[PDB]
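Examination of the molecular architecture
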Amino acid sequence: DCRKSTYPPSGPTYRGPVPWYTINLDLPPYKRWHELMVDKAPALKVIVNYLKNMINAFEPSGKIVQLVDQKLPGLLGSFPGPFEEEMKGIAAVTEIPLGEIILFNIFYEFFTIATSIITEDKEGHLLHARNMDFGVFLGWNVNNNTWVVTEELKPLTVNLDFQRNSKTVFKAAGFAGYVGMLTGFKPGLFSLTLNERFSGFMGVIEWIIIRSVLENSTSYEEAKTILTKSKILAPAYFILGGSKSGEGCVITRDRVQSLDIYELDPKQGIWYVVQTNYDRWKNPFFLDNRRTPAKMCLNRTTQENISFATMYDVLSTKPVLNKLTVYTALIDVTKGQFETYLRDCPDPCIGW
Ligand SMILES: *[C@@H]1O[C@H](CO[C@@H]2O[C@@H](C)[C@@H](O)[C@@H](O)[C@@H]2O)[C@@H](O[C@@H]2O[C@H](CO)[C@@H](O)[C@H](O)[C@H]2NC(C)=O)[C@H](O)[C@H]1NC(C)=O
Ligand SMILES: *[C@@H]1O[C@H](CO)[C@@H](O[C@@H]2O[C@H](CO)[C@@H](O)[C@H](O)[C@H]2NC(C)=O)[C@H](O)[C@H]1NC(C)=O
């Protein structure tokens, strides 16, 4: 049964709060991540090495960095101007080869599963919350080092305030060394989270957005048209929450088109949406064990009682909370609230 009285965070499931850093976009891209990357190269090397070994194990024929590295020069030009220089700055501070920073930035998404939730209270105001796990590759694969690596990643979790001099452009939950983001919001406009979709990974290999929307989109409408129509490297689920009552949708994407766009409709009894890493119309497999208990616990909460505290209760209930859960994030776009908490799951707790 669902957890209760878990907010404000305390106890063994609470690893601590996520530190805040300001990223000044007025600075030259090369310098933006300098302060953040201090003293983080050792941990980041552990993460990068983990990605390599998992990719090599998944495709024993070839070595991944060989291909990225040998195909690297072309990749740099493929990137928009700022990202290349931001990554070179990261490589310099950390003394990590540029190719490995790029490998980390390209493939990080494929090692994340998440539970993303949008809800609307009777007042008509949206809450956006998310539990993020790390280490599970393509939604099912792990190795005997996954748990050690995930614990090493938690100190890299950071809340980022992207600013233009002294004005906040957008806020995000991210990871030092990763210049992209899978969780962010623009105060008073919209919130956005990305869940990985597995249908894909070869496409990236064959080939070898959230930031751009957060940085330059001026409205929920604009972000929606970009997220629905723009081409993307791999399939994904976009969970987009707005400020206005009823501005909440889940976009299921493939490389080229939106396979489904599903909106909240509290008038017709749909006051929440729970998106994990499988298509919501399909039936869940044995491995998809997170969405149903979340829906079960939201149903018991009722729209009347939905809040930060009751939302945190849902995201503190196993298996929604699990051993590989890195952080819990709570967002209220209208009021500008953005809370992120590191998590633990003491035994007995399932991996994911
Ligand atoms: C994860 O496993 C690797 C591989 O080691 C083998 O598998 C283990 C389950 C165990 O049975 C080992 O005895 C096996 O040899 C571990 O890598 C080894 O680490 C130590 C160094 O401290 C040593 O045994 C070897 O140098 C390593 N072997 C290889 C092939 O690299 C690794 O330590 C395991 N991780 C954890 C967290 O235990
Ligand atoms: C968000 O928009 C700003 C301006 O709208 C972008 O800044 C430009 O980025 C281009 C490439 O996208 C660079 O070549 C230019 O140097 C930048 N121009 C200015 C005037 O700063 C910004 O790049 C966009 N978002 C991201 C993530 O790059």
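Within each chain the numbering goes from 1 in written sequence order, not necessarily matching the entry, and residues lacking coordinates are not shown. Here the convention is simple: chains get letters from A, ligands get numbers from 1, in the order in which they are written. To obtain the side-chain values, all non-hydrogen atoms of the structure were included, while hydrogens and water were left out.

Method of determination for the deposited model, per the PDB record: X-ray crystallography, at 2.340 Å resolution.

**Focus: the state of the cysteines**
This is how it is decided: When two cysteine sulfur atoms are found within 2.5 Å, that pair is recorded as a disulfide. Accessibility here uses a 1.4 Å probe with only protein chains present; expressed as a share of the type maximum, an area under 20% marks a residue as buried, one over 50% as exposed, and anything in between as partly exposed.
Here the structure, examined in full by the defined rule, presents 2 disulfides. Note that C2 is cross-linked by a disulfide to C297, the S-S spacing being 2.0 Å. On the S-S bond that ties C2 to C297, the torsion sits near -90 degrees, and the link is left-handed. Here the two residues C2 and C297 agree in accessibility, since each one is buried. What pairs with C345 in a disulfide is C349, and their sulfur atoms sit 2.0 Å apart. One quick way to see it: the torsion about the S-S bond of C345 and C349 is about 85 degrees, and its sign makes the bridge right-handed. Judged by relative accessible area, which is 7%, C345 ranks as buried. Under the relative-accessibility criterion, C349 is labelled buried at 14%.

**Quick word on the packing of aromatic side chains**
Quick reminder of the rule: Only rings of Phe, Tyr and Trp enter the pairing, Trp through its six-membered ring, and a pair is recorded when the two centres are within 6.5 Å. The plane angle decides the type: under 30 degrees is stacked, over 60 is edge-to-face, the rest tilted. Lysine NZ or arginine CZ positioned within 6 Å of the ring centre and within 35 degrees of the ring normal marks a charge as sitting over the ring.
Enumeration according to the criterion identifies 25 aromatic pairs in this entry. Positioned over the ring face of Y262 is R280, at 4.2 Å from the centre of the ring.

**Side note on the side chain of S217**
Stated formally: Labels follow the DSSP assignment, with helices taken as runs of H or I lasting at least four residues and strands as runs of E lasting at least two, numbered in each case from the N terminus. Residue contacts are defined here by distance: any two heavy atoms, one from each residue, within 4.5 Å place the two residues in contact.
Note that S217 resides in the loop between α9 (210–216) and α10 (220–229). Filtering out sequence-adjacent residues up to four positions away, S217 remains in contact with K186, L189, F190, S212, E222, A223 and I226.

**Digging into the UniProt feature "disulfide bond" in the protein chain**
Applied cut-off: UniProt positions are given in the numbering used here, feature names are shortened, and annotations may be inferred rather than shown by experiment.
Regarding the annotated cystine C2-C297, the two sulfur atoms come within 2.0 Å of each other, below 2.5 Å, so the disulfide is formed in this entry. Here the UniProt disulfide linking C345 with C349 is intact, its two sulfur atoms sitting 2.0 Å from each other.

**Describing α10**
To keep it simple, the criterion reads: Directions pointing from the helix axis toward each C-beta atom define the arc.
Buried within α10 we find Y220, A223, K224, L227 and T228. Projected down its long axis, α10 shows its buried positions confined to an angular sector of 125 degrees, all on one face. Away from the buried face of α10 by more than 90 degrees, exposed residues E221 and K229 are located. In the core, the buried residues of α10 are packed alongside β8 (190–196), α9, β9 (236–242), β10 (248–253) and β11 (258–263).

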